Amino acid sequence: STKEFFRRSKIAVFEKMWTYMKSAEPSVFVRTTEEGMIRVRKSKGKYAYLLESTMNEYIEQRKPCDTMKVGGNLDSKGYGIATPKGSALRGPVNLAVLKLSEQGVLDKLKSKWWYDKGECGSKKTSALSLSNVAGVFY
Amino acid sequence: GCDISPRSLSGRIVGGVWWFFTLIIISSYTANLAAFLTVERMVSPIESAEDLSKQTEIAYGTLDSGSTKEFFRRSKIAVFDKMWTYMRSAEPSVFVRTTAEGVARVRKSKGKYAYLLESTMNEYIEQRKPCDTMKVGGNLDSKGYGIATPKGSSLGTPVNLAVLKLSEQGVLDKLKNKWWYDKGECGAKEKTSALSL
Amino acid sequence: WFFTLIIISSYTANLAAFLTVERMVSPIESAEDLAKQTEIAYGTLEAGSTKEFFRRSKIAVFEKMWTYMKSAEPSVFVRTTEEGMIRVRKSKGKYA
Amino acid sequence: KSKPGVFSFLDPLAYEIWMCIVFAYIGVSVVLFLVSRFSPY
Amino acid sequence: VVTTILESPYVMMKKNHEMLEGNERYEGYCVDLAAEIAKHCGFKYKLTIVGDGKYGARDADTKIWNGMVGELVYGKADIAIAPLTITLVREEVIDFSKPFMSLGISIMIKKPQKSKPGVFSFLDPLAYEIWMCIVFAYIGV
Amino acid sequence: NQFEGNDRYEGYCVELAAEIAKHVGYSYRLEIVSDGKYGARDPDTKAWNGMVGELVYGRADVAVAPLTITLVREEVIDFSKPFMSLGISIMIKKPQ
Ligand SMILES: NS(=O)(=O)c1cccc2c1c([N+](=O)[O-])cc1[nH]c(=O)c(=O)[nH]c12
Ligand SMILES: NS(=O)(=O)c1cccc2c1c([N+](=O)[O-])cc1[nH]c(=O)c(=O)[nH]c12
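Protein chains in written order, with this note's numbering: chain A, 48 to 185; chain B, 38 to 234; chain C, 959 to 1054; chain D, 287 to 327; chain E, 175 to 315; chain F, 3 to 98.
This is the structure:
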């Protein structure tokens, strides 16, 4: 959906991205998401991946914790709970989801399975530090 | 200079290393001061919400009798529980009676008040004259603005599909750019000043 | 001695700042440089082919110009060309 | 073509700093003279 | 019979709205949205306003809905196109669409300014630890 | 192998389904889409390939997974209000 979103974009910035996109990287694109993560990790900051925010956060909280998410979200979409057309589990399910969201359940589960189970942590001055001039003191 | 310099090898060793140290340190001071005076960098004290809970110098409050306060009240996350404790044990009243009241309270003060509100109005105001505000950190809740309809109207499915189609193609993002950033006063170098007393 | 050290270092550092900044200064040399910046205002004749060309433009840069155009200068636009020339001459580089 | 002023080499520091530099020079010199030539030692 | 609320930049009255008669004086985000919605659905609409609360809510005693929600429940309007927040109580009495704009709570601060220089700002180029090490290296030498 | 049934599955969606069924008040049995792919139609065959298929063909009664909300699916499926908002974002190497 990301390639389609960029291709079919009417915005200036993403239009410029698409103009750059499909260039001679040779291959900025990728086939597997794990492939993109590995490529970014191998590259010494020379590659940036575009992906869903949730997975970006999860990966950021995964060992070795050598990658980060930066910036806001280019697009805006959602994940939902599906029932077949003409089912009796339509209204009750939507009501339950909304009640959970107001009660804060979903945010708590998010924090639990993204941060309270992350291998990594939870979370300035340009003044010269003693590490810069240590050799002088030695 | 010096009215005396050492004549022994040991004193001269001491003096030489002291001289090297002095040279390096003075050069470093001058160079880093030139850096400071050449590049202005204003750091926001806050880049998140935990930073806001730990800090006590900065005060923060919501709009009184609103959904945001109801959110903080019934919260289960630790950080927002701490914020609720603070806001319930705060003198004077951090709370406010109107949005404009909170905006004015933030603007009149100088880095002392932080207002918790909706992302959309914050983004809008960050583009208003005076452009003396900015939004910091991420979002502490998820919500959406939705088109409504009476129960049983034949307009439900068509409007759902219309908003979904618009989102997929990219109309809504363009409209947001048009009414928030474009049609926005301040978008997104000054000669260096002589040092003052 | 301490006072002297601080003062001389500050003088040298601020002079370096002055010269470095005076060396960064890249004047306007294209439509893009004018487009991104906003410290200078730019406007064309109120009625003419230039206003239509910008309004009816499908290009990114001139689209951004038009988005800026019709703003609260109050009036970037002008009625007479001599008026525009005089306005640019009076402005201390604040109009293009 | 901005013609640099004579005494533009003073621009890095404000006029007040130079003024108070002169004042502090005078005060330092006087205090040194005093604390060196007062005690009949 | 669509509905809206003056909360900007969703609904606002265009400059010189006395000249404009109706459905063209208004400007904003919600109005363009309603235009596109009507285009993709076909129906014709006349933008209106309600007041009387400016949004949906319920009085526990009166048990009567107010605002856009109140009028939609009671047939005074066809649909409501506005920054109307999705919530449990409202979905029980009306039907929402999928969100056309997702958002959340955020933090507004005054823009950091060039701080007034502090007395002893001439030590800032070096960290305090460097200064203390300098003092004690002087002593030791 | 130690646990059987739903007790062997752990994750966000599992607890979400637990809470949802608790509020609705029904018993549920989990499984997994054999195709292991999210719903999508064959352009020529006009057949759905994934959990959407397991839903619209009567195989399944509800889907609790990261189903992106789209127009193609919303026509043949009844979603719920998003329990997780989301977007495209930028991933970079963590600066050492
Ligand atoms: N449905 S709503 O929920 O009625 C509601 C809908 C839309 C915008 C709201 C708003 C509420 N509110 O909470 O009362 C407060 C508020 N405050 C602001 O500062 C702002 O910009 N927009 C809003
Ligand atoms: N229904 S879906 O929309 O099929 C979809 C649903 C759920 C997760 C997806 C996903 C897609 N996708 O677009 O293919 C790509 C993708 N990529 C990742 O890296 C990741 O973590 N999760 C996903």
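The beta-carbon is built from N, C-alpha and C at its ideal position, and this holds for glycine as well.
Proximity of residue i and residue j at Cβ, strictly below 8 angstroms
i, j, result
"B:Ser90", "B:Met124", "no"
"E:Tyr184", "E:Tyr203", "yes"
"C:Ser967", "B:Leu70", "yes"
"F:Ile92", "A:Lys116", "yes"
"B:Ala96", "B:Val133", "no"
"B:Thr136", "B:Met158", "yes"
"F:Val66", "A:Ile128", "yes"
"A:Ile58", "B:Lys215", "no"
"F:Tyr14", "A:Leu156", "yes"
"B:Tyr218", "E:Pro257", "no"
"E:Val205", "E:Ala251", "no"
"A:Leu177", "E:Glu303", "yes"
"E:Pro286", "B:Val208", "no"
"F:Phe85", "A:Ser123", "no"
"E:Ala231", "E:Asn240", "yes"
"B:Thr105", "E:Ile279", "yes"
"C:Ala975", "B:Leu201", "no"
"C:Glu1021", "C:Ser1029", "no"
Beta-carbon separation (whole angstroms), residue i vs residue j, contact threshold 8 angstroms
i, j, result
"A:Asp113", "F:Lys95", "7 angstroms"
"C:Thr1039", "C:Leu992", "In fact, because the Cβ distance is near 19 angstroms, the residues do not count as touching under 8 angstroms."
"E:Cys215", "B:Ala185", "Going by Cβ atoms, the distance from E:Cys215 to B:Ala185 rounds to 15 angstroms, so no, they are not a contact pair."
"B:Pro82", "B:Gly148", "7 angstroms"
"F:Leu88", "A:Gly125", "6 angstroms"
"E:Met282", "B:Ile162", "7 angstroms"
"B:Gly174", "E:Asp269", "Not quite, the Cβ-Cβ distance comes to about 34 angstroms (not below 8 angstroms), so this is no contact."
"E:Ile253", "B:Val196", "7 angstroms"
"B:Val76", "E:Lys284", "That belief does not hold up - the Cβ atoms of B:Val76 and E:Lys284 are roughly 22 angstroms apart, past 8 angstroms."
"A:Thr130", "F:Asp37", "Incorrect: roughly 19 angstroms between the Cβ atoms, too far for contact."
"C:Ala999", "C:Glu1031", "5 angstroms"
"B:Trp56", "E:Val315", "With a Cβ gap of about 10 angstroms, B:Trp56 and E:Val315 do not count as contacting."
Contact list for residue i against chain H, beta-carbon separation under 8 angstroms
i, result
"C:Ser967", "Among the chains of the structure shown, chain H does not appear; the protein chains present are A, B, C, D, E and F."
Any non-hydrogen atom of ligand 2 within 7 angstroms of residue i CB
i, result
"F:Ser82", "no"
"A:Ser48", "yes"
"F:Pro45", "no"
"A:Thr80", "yes"
"A:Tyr162", "no"
"E:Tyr302", "no"
"A:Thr114", "no"
"C:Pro1032", "no"
"A:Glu99", "yes"
"F:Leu18", "no"
"A:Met102", "yes"
"B:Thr170", "no"
"F:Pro68", "yes"
"A:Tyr96", "no"
"F:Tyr40", "yes"
Residue i CB to nearest heavy atom of ligand 1 below 7 angstroms
i, result
"E:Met275", "no"
"E:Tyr229", "yes"
"E:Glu265", "no"
"B:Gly103", "yes"
"B:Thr186", "no"
"B:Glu107", "no"
"B:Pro82", "no"
"B:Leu74", "no"
"E:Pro183", "no"
"E:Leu262", "no"
"B:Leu192", "no"
"E:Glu245", "no"
"E:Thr259", "yes"
"B:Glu155", "yes"
What are the residues in the region 989–1023 of chain C lying within 9 angstroms of chain D by C-beta distance?
Within the region 989–1023 of chain C, no residue qualifies.
Residues in the region 43–56 of chain F having any Cβ partner in chain A nearer than 8 angstroms
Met53 and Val54
What are the residues in the region 214–226 of chain B lying within 7 angstroms of chain C by C-beta distance?
Listed by position along the chain: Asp219 and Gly224.
Between the region 84–96 of chain F and chain A, which residues of the former have a C-beta closer than 8 angstroms to a C-beta of the latter?
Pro84, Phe85, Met86, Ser87, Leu88, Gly89, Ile90, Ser91, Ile92, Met93, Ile94, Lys95 and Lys96
Please list, in chain order, the residues of the region 261–273 of chain E that have any C-beta partner in chain F closer than 9 angstroms.
Cβ contacts with chain F: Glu265, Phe270, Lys272 and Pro273.
Using Cβ-Cβ distances below 7 angstroms, what residues of the region 289–321 of chain D are close to chain B?
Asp297, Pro298, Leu299, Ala300, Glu302, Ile303 and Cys306
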